[PDB]
């Protein structure tokens, strides 16, 4: 089963994660409709997900991807926002639940892009209690994941792909969207509990 390790704010790891989250907020085309209006987050807690089965699957896939990618994982730390975080942290990512670049699991370099998906597509109906996509009260959660990109395929138009192209392990689609077609190519490393803050 999954254990959550609670990172202390004094930890360098907690600070590194928070700074990656704080420095990657950007203005979105929808003017904050999906994710809300804010310039910074209030990080409530940062937890590390430890699950032996999930780590074994991620490690097993990494090795396979490595052989087909000049002995490189091409691992990147990326954000993922989802209303299904609880399922992700206990069962791992599952592509069977999966778009612009087809049936994959999507990751972003910008935490504010992942924040737009925390309550669903287009931010859904926002938070459960206030039905507010820009809620400053309710605690949100997002993941900061280890993603095995391997040999990325660069896509520049919308395409409904089922799997990465032959000899490739991921799609970087065009801001860039990082897409994997196998759940075992991402590990939900950090679970971030936060609030968006009113400017």
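Positions refer to the first chain, counted from 1.
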Deposited residues missing from the model between residue 98 and residue 99 number 1 to 3
As the entry stands, the deposited residues without coordinates between residue 174 and residue 175 add up to 4 to 9
The stretch carrying the higher mean Cα B factor in the deposited entry, 153-161 or 56-64, is 153-161
Between 68-76 and 85-93, the record assigns the higher mean Cα B factor to 68-76
When the entry's CA B-factors for 25, 191, 186, 179 are compared, the highest one belongs to 25
Scanning 170, 141, 134, 39 for peak Cα temperature factor in the entry gives 39
By the entry's values, the third containing the CA B factor of residue 112 is the lowest
Tertile call for residue 124 (CA temperature factor, within chain, third-based) is the lowest
Binned into thirds over the chain's modelled residues, the C-alpha B-factor of residue 7 lands in the highest
On the chain's distribution of Cα B-factors, residue 29 falls within the third called highest
